[PDB]
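Enquirer: Before I ask anything, here is the structure I am working with.
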Amino acid sequence: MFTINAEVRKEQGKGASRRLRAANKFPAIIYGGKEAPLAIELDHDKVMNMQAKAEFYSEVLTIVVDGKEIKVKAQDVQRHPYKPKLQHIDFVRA
Amino acid sequence: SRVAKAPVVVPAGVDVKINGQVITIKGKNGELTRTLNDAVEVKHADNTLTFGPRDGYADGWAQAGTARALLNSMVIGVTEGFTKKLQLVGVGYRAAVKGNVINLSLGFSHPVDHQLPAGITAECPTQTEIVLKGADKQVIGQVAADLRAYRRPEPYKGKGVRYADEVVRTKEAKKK
Amino acid sequence: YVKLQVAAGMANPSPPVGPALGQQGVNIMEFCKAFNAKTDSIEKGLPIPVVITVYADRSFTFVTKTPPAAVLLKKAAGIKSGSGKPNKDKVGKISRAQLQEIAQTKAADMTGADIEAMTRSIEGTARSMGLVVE
Amino acid sequence: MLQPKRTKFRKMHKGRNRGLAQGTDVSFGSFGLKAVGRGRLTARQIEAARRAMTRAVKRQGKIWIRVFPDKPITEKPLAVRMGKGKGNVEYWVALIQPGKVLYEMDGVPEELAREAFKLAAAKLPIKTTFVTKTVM
Amino acid sequence: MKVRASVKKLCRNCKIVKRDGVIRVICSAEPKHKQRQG
Amino acid sequence: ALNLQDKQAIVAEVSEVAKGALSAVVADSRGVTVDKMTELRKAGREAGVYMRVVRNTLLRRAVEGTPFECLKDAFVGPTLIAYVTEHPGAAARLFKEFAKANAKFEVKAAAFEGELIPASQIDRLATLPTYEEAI
RNA sequence: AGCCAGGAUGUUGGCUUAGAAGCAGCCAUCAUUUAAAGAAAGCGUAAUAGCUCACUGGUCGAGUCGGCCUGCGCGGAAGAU
RNA sequence: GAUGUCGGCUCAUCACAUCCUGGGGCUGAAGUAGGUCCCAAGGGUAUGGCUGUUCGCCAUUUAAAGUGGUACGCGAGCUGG
Ligand SMILES: [Mg+2]
Ligand SMILES: [Mg+2]
Ligand SMILES: [Mg+2]
Ligand SMILES: [Mg+2]
Ligand SMILES: [Mg+2]
Ligand SMILES: [Mg+2]
Ligand SMILES: [Mg+2]
Ligand SMILES: [Mg+2]
Ligand SMILES: [Mg+2]
Ligand SMILES: [Zn+2]
């Protein structure tokens, strides 16, 4: 079980996402089902080491957002053009 | 640091005098003195010598390591004593001692007269062997190297002033 | 002290053992006949290994060893000269009963304890010379 | 030495090499050589690189060139004054933006894939990173 | 002495040692391996 | 290198051949060629003796299961162990004449009965005959 | 990391060559005794020998190894009053 | 509403990417002699045949006959091929 600790995003858009990335954190979205999409911020270091394991993309992962725990699956990753970093992740509510 | 942490054991009848940075180690085989780098704090106590870094000095441990190393060989020096051996290789090469002077025949116009410094003494068991005995490791080394310099072992026959332990790798001359 | 391989009834020519053994300090006539006088029981057309133990007084003492492992696989398969490219070019065939024949003779030299251990150490000398186990 | 067989037009306007690459992933092979810098790759360069890495893998395995030199480059010779027309086409390039996978190779151990890419990288005008395939 | 912009360890006995800011390759086995960056 | 999975297996094999085996012979094997070793391996397998060189850190663990738990202080320096599975004695004699002939090593200590044998009294398992001598 | 010890047998593997015996080249790269030892990473010999490594047992006694993202530096860096 | 052009002569001055001499590392460096690189600008660094030539070819020297900058140094200094 992959446990990803996250936070709901207070800001949205280009400016915020860049500032986030600078601060060694990266934006990600949770969509799927009746429930409205959830804007989350993740730690760049912790998630990056996770995704290194192939199992990250097959298994169902729990994304802890302010107490609540959301079971999701890795949908689409947006990678850095040339650096071994992550720009954004799509999480489909499983 | 691993060198500095390891302690120097002052033996019996070996006096250790420490005046801030200035160390004086007396014994049977003579007396040696040294000025330790400011980054080093030396402690006496018991039949031991311990070294450590002084506060604020960055290179502290690196300095302490060398300090230990040196004092250890000073202790060895004024008790056991160091003995460097050199062998003259090649036709005509001879050597003899005249007190504090090593007279050297090395295939030149003039025979070489090498004056010896304090604490280093020489004796010639053969006309082809020089044995140096002393207390300062840095100095006994210096002197050995100086005498070696007169005729460094040539790579075609091994001819020249070589150290006893020296392994003189020789090579064949150009083919044709 | 040197290692050589001379024939069952031949020990005298100049190109193989001539200036190779006579250069150390071994008699070219005292060894040549003392070696063939004891290898008379050993079959004709089989190279037999021999090691020399020389001292400082030019004297010598030898103990003969069993024929080589790449030597007995040529007479058992039906080949004079081996394959240039082993396991890429097949020169002959040897059964499971012929492997133990070479092994029961080599029992004095082989490191192995069991017959199966001495059989596998001949299986290897067969594969690396083109020959196939059939 | 890679070059378009036919073209709609002979010569091309200079243009610019702004923006980031498209084709940022190992889409065919197991390993890739990706551009970190921004520049022009000439066919003579591409070949020099291709040759060196092909030699490396002892022609075992597969290699794919993700890039193609389709831009024609012109040049005015010596003692030729400005104007009097656009210079003659002399060579061809590929505009490389950071993140372009340039080569992909598979059917070779990672160790060898890294070495083969090390040699090819040497005959190139722009900084390169070694990349491995990924799941999304 | 090979004086060049790219100084590398050429054998197992080669050792990279920095003497007075000059990255050097000193070797115990091969004298041809002796290098200085400049 | 030896991983713990591989480390445990070694402990097990020695611990097992410890239970059944009668007389075990602990000794030094430093400064001797392979030609002499492979030879005492042919003398061992014949005389029903089991031969091995095992880590003193592993032999102190593999003998903890008793009765040889007085050979602890015998795992200091190079070690070779000669477990005599078939007939007690066979190695403690095979060693005694291998030592005198080759001059290298000393043979640390002998073990039997779940009682200690010092370096001074190894002539005890060296003067015993056959099984096979009582008739 | 260092220091002591070992680094064996079939076997000089086959083919090739005046010789190729780990060590000119070509092809194969198993198996045995094992603590472990490549049908051999380099120097050497006419070919051998001999020296050393990969690997492993002992000693030692607490750390050690080199990739990742990054801040600031070093070399690359020769000109004319 | 003028900054006289190539070459020579006379007189130079600087750079060093060093021709010689000096120090030194490698060498496929036995010696002698080379090859290559590093340091180094203190001084030194041909005369003739041919051509306006610089250059170049050649002859014969020399430790060497350096490479460049100086309005391709130098005509209120000379020459004028
Ligand atoms: Mg903006
Ligand atoms: Mg200096
Ligand atoms: Mg005017
Ligand atoms: Mg210079
Ligand atoms: Mg050069
Ligand atoms: Mg000058
Ligand atoms: Mg000249
Ligand atoms: Mg002018
Ligand atoms: Mg005038
Ligand atoms: Zn080297």
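Since chain C takes its numbers from Swiss-Prot, the residues it shows come out as 8-141.
Determined by X-ray crystallography, 3.3 Å, according to the entry header.
Every residue, even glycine, has its Cβ placed from backbone N, Cα and C.
Annotations per Swiss-Prot:
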| type | residues | note |
| --- | --- | --- |
| MOD_RES | C:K40 | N6,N6,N6-trimethyllysine |
| MOD_RES | C:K72 | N6-succinyllysine |
| MOD_RES | C:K81 | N6-succinyllysine |
Enquirer: Using a Cβ cut-off under 8 Å and a sequence separation of 6 or more, which residues in the same chain sit near C:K81 (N6-succinyllysine)?
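Expert: Expected: C:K87, C:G89.
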Enquirer: Relative to the Cβ position of the residue listed as 'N6,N6,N6-trimethyllysine', how many further Cβ atoms are located within 10 Å?
Expert: 10
Enquirer: Could you tell me the C-alpha distance between C:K72 (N6-succinyllysine) and C:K40 (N6,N6,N6-trimethyllysine) in angstrom, no decimals?
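Expert: Roughly 17 Å, rounded to the nearest whole number.
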Enquirer: Helix, strand or coil for C:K72 (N6-succinyllysine)? Use DSSP.
Expert: coil
